[PDB]
Structures are given as structure tokens and as C-alpha cells.
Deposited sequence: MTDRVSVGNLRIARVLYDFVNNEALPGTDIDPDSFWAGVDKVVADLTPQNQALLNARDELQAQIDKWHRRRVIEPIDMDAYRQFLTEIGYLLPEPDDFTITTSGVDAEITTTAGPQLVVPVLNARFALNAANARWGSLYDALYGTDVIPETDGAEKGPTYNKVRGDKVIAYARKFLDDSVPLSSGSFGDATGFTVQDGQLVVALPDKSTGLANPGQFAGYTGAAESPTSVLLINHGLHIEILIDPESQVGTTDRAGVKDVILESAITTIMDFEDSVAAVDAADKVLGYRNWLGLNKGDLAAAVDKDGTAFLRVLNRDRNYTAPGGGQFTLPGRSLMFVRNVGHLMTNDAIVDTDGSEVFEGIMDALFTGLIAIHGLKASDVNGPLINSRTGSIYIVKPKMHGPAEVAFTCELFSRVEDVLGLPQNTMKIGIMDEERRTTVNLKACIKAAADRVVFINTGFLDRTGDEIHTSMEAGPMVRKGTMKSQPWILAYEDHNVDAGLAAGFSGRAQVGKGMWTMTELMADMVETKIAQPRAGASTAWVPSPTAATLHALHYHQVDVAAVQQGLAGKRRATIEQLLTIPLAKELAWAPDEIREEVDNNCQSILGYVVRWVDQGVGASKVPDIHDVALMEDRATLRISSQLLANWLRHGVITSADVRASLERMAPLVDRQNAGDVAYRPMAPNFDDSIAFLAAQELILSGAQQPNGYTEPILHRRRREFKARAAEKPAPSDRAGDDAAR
């Protein structure tokens, strides 16, 4: 073997070397103490981890049997609730309480704004995401469909001034609505000066100041003719860049070159559903990127931005963070990984490893980067998103795991904070108890609605055929789940203490649609919501300038807008819901999305890909969207909506279409015509045909097996 013996563990040499040579130096942790701690924490917590997974299986078996024993009309909700209560699925609601989490940075406790999620194994994307704390509004408007490409306003190879003027006018309207002038419009501004600590905007006839002078936050250059003006609205910064010599500035009435928005306030560096990491080599690539981010010296085929310097309105130099405040999303409780095996050859639980290793690495972001000031949390916290938890015992386990890791690392208790994903049904219906179990560590709750939809289908798999995938988004259960999450957070005192977050916008090119509709999330009292790209971060920032999330949350206090009956409304399809063409469209759409995602996962180790759907809309796919598609098809197959020939025909029909979409790259192995020779095609087939048998419908068991299979065959 190429393994290292520490107690009962056998550690892959690449991981042992990375920890000793790269992660531990600078933390003052004795390497011998660290590895003995790994051994002891793994030994002590693995039994409870396994017991929690077995409890999931026990509950699901009882629910399967309950549906198979019934024949009655729709579900008697009264009997169903009583059943869930007796089996320990629906637990009592605890008494009211307020969270006690302390030592948390303002970006989380106070600032409302976008949250970006990026795969940590892609160093270039991760750097762009950390740098996405500031983003050009002109770039985001000019380069997307927010400004429609109508006659004369099209994008070309060179600058289209008619389009640029549309961008400029959009941004002037944004300034008027966000930081209004005492009189007149930013559209008519001819210049900016700082006078007696106040901003003066020259108009063609008069001069004017801000309606609220307190929104003037600073400037660069001389007050007499500043190079930029810094504004603030709803806690988010806006920077007007002034340069008449620039390509855009020469066309502008005031010499304005750009408007920069504070955009991705926080970023989640993802080890979970957006990356493919099936062995120690893969995990070390991710850990090393996470280390470079926390030490400040990650650099790609591109570097991290330093902080931004300003002058205060009344004089004085100050700084603003140039980087998004970073979370790391660990994997959840299910999977093991052979990066470490025990003496019997059993793989070690991956979530326990992630806590030890990402927590160790995060110490570097609490201290000075040599490449200047410390990178991440000035208040002394480590921010870990913990996904796919099922109910409050699983949250309490994560808390104990973090407590034990803090001890190994020499950190104060409760340094390691938890972003709780509300993305499994047994968490949703016990959410108050889940928050209480983490009441001194929780820094957000977030509706991971895609995983939640997969869990909805799997939990009630035996109840009957579910509605189509696109219908799910508007079903009663999910609207109740979204309001219930906000209600629980606000009642636990999250306002001013923790984030209340909502889910990802997946249509990466439909930015006009995103700007039109994602405003719903801050209007519902979410202090953050997930975006797929720095560009979408800048555009979603617009929504927090329009919506006073703090005011909305205060207006929601005390309201209880979702009942348990609503939360438990299973999304079963009605009698004769679909024509044959609608059933075929659903199968074809789901098969193409499964194939387009899985082929890059298995053959190239890419955990997130833009995959065009049956309507040619580019969707960002990750494991959760796969969980939905495979579970829905497994459910339709289980209840006779479609046949096994329908499934095979759809996969074979969509496969060469996916081959075409990928013809452009060197590492692509086509699936057609020899389908059963493609490990990726077989993986996609297995996710559907074995989907009903996977634990809680999770995709990782199959995906990890098939990726490792592919790696092994490519190695011989």
C-alpha cells in the first residue's frame, strides 16, 4: 500500500503529505497530536454516524410500508400525521428560544445580499468567486439579455454605442431609485465634487446633494475632482467610477466610466454537490485550493484581490474588503471515502474527514496572509455549510463533531459555525428543533429546494405517481416549506444575528428573467439567496437595493404562515393528468439532463455543468438536479406511467444529442452508438433503474462507484 498507519487508520499518502507539508505549518498544531486526534475522533463518532444512517433507513421502510398497506382515496392527513408522530419522524415542537451564536462577521449578521456558490476544485472559478464581492454593473448589463438585443442594440464583435447608451440609462435609473438626489436626476448629472464633507452633483442648471446625505460613503482622488464616488444603500456599497478619457466615459454626460456594485457578499466554496471527488487525489486537489484561498496565495492559469482604499466623506483613509467572506460546504453524513480506510479495509466517513481537514485549513483564514491582512473572518469564526441533514439528532451530531474537531485543533469551542441546509423533509417538519440543536453555532438556514424536491419524491415514492418536474416548483408543499423556513428563522431571532437564505437560480443565461423574478426572495424576507456566477451576483444585488429586507423581516415577525398539513401535502398527480406527448416530453427532458450531467461527471470528474434542456435553456446541473430527475423517472417507472422500454429509448435518443453538445472537447468519449460500452451511459441508466433503491434517493453511491470504475479502466 501507499498508506500511512496512524492508530487504526491507514491514510492515503497524498493526503498525509498534503496535511503535514501544506496545511499544518503555520497553525502551531503538533502533527503527532493532529493525527492522533483524527484517529480518536473517527473511532469515537463513527458508530453514531452509522446509527443515524440506519435510523433513516428504518423510518423510510415504515413509510414505504404505510403507503403500500393503504388503498384509500387521497391520504387521510389526520392518520398520516399520527403515523409520522408515532414512528418518531414528526417530533414535538420545542418551546420558543433565541439563538446565541456570537463572534460572527457583519456580512452574515447584518448585510443582506447575494451568496455565490462555486466548485472548490476549480481554482479559476473559485478565485473569480472570492473576487466577486465587487462587480461591474455595466459589464453585467451589456453582456447579458437584461438589455434586450433588439434591432440596433445587438451585441457584436465591437462596442455597440446604442446598446452602451441603454446600459448607461439603466444604471442612471438604478442610482435615482437607490440613492435619490435632493432634486433632479442622475441622468442629467454633469460632474461630482466633495464639498464640506458632502457630495455635490452638478446639474446643467443647478447643483444638488443627496436626499439622504448619509448615503455618501466616500471617494477616491481629490475631493475637487474625484476619480470615484462611493455610495451606500441598504448596507450595500455602490461605486461610480469617473474617467472622461475612457471608452465609455467619453460618451457620458458626467464622464462616468462604470458603476461597480458590492455583489457577492459571501461565497460558499463547495466540496459537495458541485464537485466530483471520489478518492484522496481528488480531495487533496480541493483541500489545496481551500488552503490557497485561506492563505491568500491561490493563483491560477489570476490572483485574489486586495482590499479597496477610500477616503471618508470627512477625511480619513479607510478600507473595504475586496473579497467575499468565504464559507466552505462540507459533504453530509452519508458517504465514505477511501482517502482513509481502517485496518479492516473499511472506508472512513467523508463528513468527519471534511470537518477535520477543512476546519484545520480554515485556521489560515483567521490570520495574516503573507500575500497583508488576514483573509477571512476578523471576528474569529470558521463558517461551514452542512448539507443533507435529516432532523435534529443529525444536527446535534454535527455540533458534537465540530466540538470534537475544535478540541483536536486547539480552537475555542463554537469557533466552527454551521450553515444549516433545510433540504430534507425530516428537517423541514422539525426545523425549530434543528435550529435549537445548533443554537450556539448556527449562522444560517437555507432552503435547498432542489435536494428538498428529491427528498419529497423519494420519501413518498410508494404513495403514487408524482407531478412533472416543472410543476414541483409551484406545489403547495414547497411554497409552505419556503414560508415555514423564514418563519422559523425569524422566530429564533435570526434578524440581526444569522442569515435566512433561499435557493439557486439555475438558468445561467436567462438574466432578464432572473432580474424580473428573483426579487421574490428578498421580498419574502430572505437576507440572502444563491446565484451561479459573479455576473448573476451583480444583477441579483439590484434586488437588495429595491427591497428593504430588514424592514420586510420586521414586518414578518410573529406570523405563522404554513401549517404542518401544508408541509405534508405530498405532490401526487391527479387522475388522467397527462397526454402521451406530455409524458414523452417529461421523459426526454429528464433523460437529457441526466445524461448531459453524468457524462461529464463520470468521464471527466466535473461536478457541475451547463446542460441545455429539451427547450435549449442552459441549466447549471449538479447532484441535486440529478437527484430530482432520476427520482422522478424512478417514480414514474414504479407506478406504470412509463415502461422500461420508454426509459431505454429516451436514453438512447438523447445520448447522441449530448455527444453533439460535447463534440468540441479533447477528453470527451461519445456514448453512442455503443451505449453499453460507456461507463457514463451505464451510470445514467443505473441512476434511473436503481433509483428507487438508493438511500433517500441519493446519487453519490452510484456516481462515486462509476467514476472510480472509469478511473480504474483509464489506468490499465
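Enquirer: Could you give the ranges of the deposited sequence that carry no C-alpha coordinates?
Expert: Several stretches lack coordinates - namely 1, 303-311, 382, 728-741, in sequence order.
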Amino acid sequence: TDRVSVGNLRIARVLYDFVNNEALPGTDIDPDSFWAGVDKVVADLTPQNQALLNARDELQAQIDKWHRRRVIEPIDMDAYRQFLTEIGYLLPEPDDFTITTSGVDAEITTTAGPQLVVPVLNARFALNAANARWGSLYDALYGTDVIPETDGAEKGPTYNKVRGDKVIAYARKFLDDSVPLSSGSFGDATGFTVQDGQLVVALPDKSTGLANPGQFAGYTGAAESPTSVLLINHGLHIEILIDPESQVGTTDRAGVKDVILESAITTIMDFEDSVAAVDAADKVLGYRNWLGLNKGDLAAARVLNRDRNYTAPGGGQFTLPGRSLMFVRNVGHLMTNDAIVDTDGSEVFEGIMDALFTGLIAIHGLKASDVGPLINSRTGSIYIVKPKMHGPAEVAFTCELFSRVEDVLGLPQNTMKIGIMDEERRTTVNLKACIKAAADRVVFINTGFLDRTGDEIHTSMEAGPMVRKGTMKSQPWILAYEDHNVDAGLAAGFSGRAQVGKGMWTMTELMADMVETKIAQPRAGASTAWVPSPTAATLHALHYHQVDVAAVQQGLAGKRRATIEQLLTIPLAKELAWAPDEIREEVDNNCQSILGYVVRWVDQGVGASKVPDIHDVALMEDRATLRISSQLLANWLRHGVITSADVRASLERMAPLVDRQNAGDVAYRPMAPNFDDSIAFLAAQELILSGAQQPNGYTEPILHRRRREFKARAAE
From here on, numbers count along this sequence of modelled residues.
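Only the largest set of C-alpha atoms that superpose within 1.5 Å between the two forms is called the rigid core.
Enquirer: When the other structures are laid on this one by the rigid core, do the CA atoms of 397-405 or of 310-318 sit farther away in 7 other deposited structures of this protein?
Expert: After the core superposition, the stretch with higher RMS deviation in 7 other deposited structures of this protein is 310-318.
Enquirer: Relative to the presented form, and with the rigid core used for superposition, do the C-alpha atoms of 550-558 or of 613-621 deviate more in 7 other deposited structures of this protein?
Expert: Most displaced of the pair in 7 other deposited structures of this protein: 613-621.
Enquirer: Looking at the other compared entries that model residues on both sides of it, is residue 652 unmodelled in at least a third of them?
Expert: Result for residue 652: never missing in the compared entries.
Enquirer: Establish whether the other compared PDB entries of this protein leave residue 534 unmodelled at least a third of the time.
Expert: Counting only entries that model residues on both sides, residue 534 is resolved in every one of them.
Enquirer: Of the two stretches 88-96 and 113-121, which shows the higher Cα B-factor on average in the entry?
Expert: On average, C-alpha B-factors are higher across 88-96.
Enquirer: Mind pulling up the entry and telling me whether 311-319 or 495-503 has the higher mean Cα temperature factor?
Expert: Mean C-alpha B-factor is greater for 311-319.
Enquirer: Using only the C-alpha B-factors in the record, can you name which of 301, 542, 363, 529 has the highest?
Expert: Each of 301, 542, 363, 529 was compared by C-alpha B-factor; the highest is 301.
Enquirer: Which one of 430, 459, 563, 274 shows the top CA temperature factor in the record?
Expert: Of 430, 459, 563, 274, 563 has the highest C-alpha B-factor.
Enquirer: Taking the values exactly as deposited, rank residue 666 by C-alpha B-factor within its chain and report the matching third: lowest, middle or highest.
Expert: It belongs to the highest third of the chain when residues are ordered by C-alpha B-factor.
Enquirer: Split into thirds by Cα B-factor across the chain's modelled residues, where does residue 192 land: lowest, middle or highest?
Expert: Ranked within chain, residue 192 CA B lands in the highest tercile.
Enquirer: Which third, lowest, middle or highest, does the C-alpha temperature factor of residue 679 belong to within its own chain?
Expert: Middle third - that is where residue 679 ends up once the chain's C-alpha B-factors are sorted.
Enquirer: By the record's CA B-factor, is residue 616 among the lowest, middle or highest third of residues in the chain?
Expert: According to the entry, residue 616 has a C-alpha B-factor in the chain's highest third.
Enquirer: Test of reading the entry: by CA B factor among the chain's modelled residues, which third contains residue 449?
Expert: Lowest third of the chain for residue 449's C-alpha B-factor.
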